[PDB]
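Worksheet: the structure to be examined is printed underneath.
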Amino acid sequence: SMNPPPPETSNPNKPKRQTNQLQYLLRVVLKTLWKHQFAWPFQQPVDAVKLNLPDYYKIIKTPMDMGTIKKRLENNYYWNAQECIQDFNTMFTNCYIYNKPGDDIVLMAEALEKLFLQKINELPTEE
Ligand SMILES: COc1cc(/C=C2\SC(=O)N=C2N)ccc1O
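Numbering-wise (our numbering), the sequence shown opens with residue 907 and increments by one.
The following block contains the structure:
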């Protein structure tokens, strides 16, 4: 059993910005989801070896998790807020694609997604 390498979190030739929307994504959005009681499965890449999910990376070809997002935000990896919002949405969608409705992990993702949507609704205008 093998896990793929994680998503990229460092790339010196990718242009980067530090913007008020990206600061909101770290200070408000990521921090709110990270502290939630259902955050733990999403705080690092899925370890398909330890979890005995040998088909996980056959089905999920664009993996994403909040550990990766946290690193991207803390290392100013992004150019704009849309790129980070897409990462969160990829994380939720992967969970719904791989699992069954009503599975514990899906209910956990849904609770985090509800908070995510609430916070993104008040994403500040770009200064
Ligand atoms: C079973 O599908 C998923 C599993 C996880 C992670 C888990 S599950 C567990 O017990 N520990 C973990 N770190 C994350 C997203 C998924 O879609």
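We put the beta carbon where it would ideally sit given N, CA and C, even for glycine.
Residue i: CB within 7 angstroms of a non-hydrogen atom of ligand 1
i	result
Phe-948	yes
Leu-979	no
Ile-1011	yes
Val-952	yes
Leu-957	yes
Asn-926	no
residue 1037	No information on residue 1037 is available, as it lies outside the stretch 907 to 1033 that the chain covers here.
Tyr-1004	yes
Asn-1000	yes
N-terminal and C-terminal residue of the alpha helix (DSSP H) that residue i is part of
i	result
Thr-974	972-980
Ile-1003	987-1004
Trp-940	937-940
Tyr-962	962-965
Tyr-930	926-930
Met-1014	1010-1026
Residue i beta carbon near ligand 3 (any heavy atom closer than 7 angstroms)
i	result
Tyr-984	Inclusion of ligand 3 in the displayed structure is not the case, the ligand content consisting of ligand 1 alone.
Inset, instruction - Pair every Cβ in the stretch 958-967 with every Cβ in the stretch 939-948, then say whether three or more of these pairs are closer than 8 angstroms. - result: Judged by Cβ distances under 8 angstroms, the stretch 958-967 makes no contact with the stretch 939-948, as fewer than three pairs qualify.
Inset, instruction - Could you tell me whether the stretch 920-932 touches the stretch 942-957, where touching means 3 or more Cβ pairs closer than 8 angstroms? - result: Output reads no: the stretch 942-957 does not touch the stretch 920-932.
Inset, instruction - Would you check if there are 3 or more beta carbon pairs closer than 8 angstroms linking the stretch 1003-1010 to the stretch 972-984? - result: Judged by pairs of C-beta atoms under 8 angstroms, the stretch 1003-1010 does not touch the stretch 972-984, as fewer than three such pairs exist.
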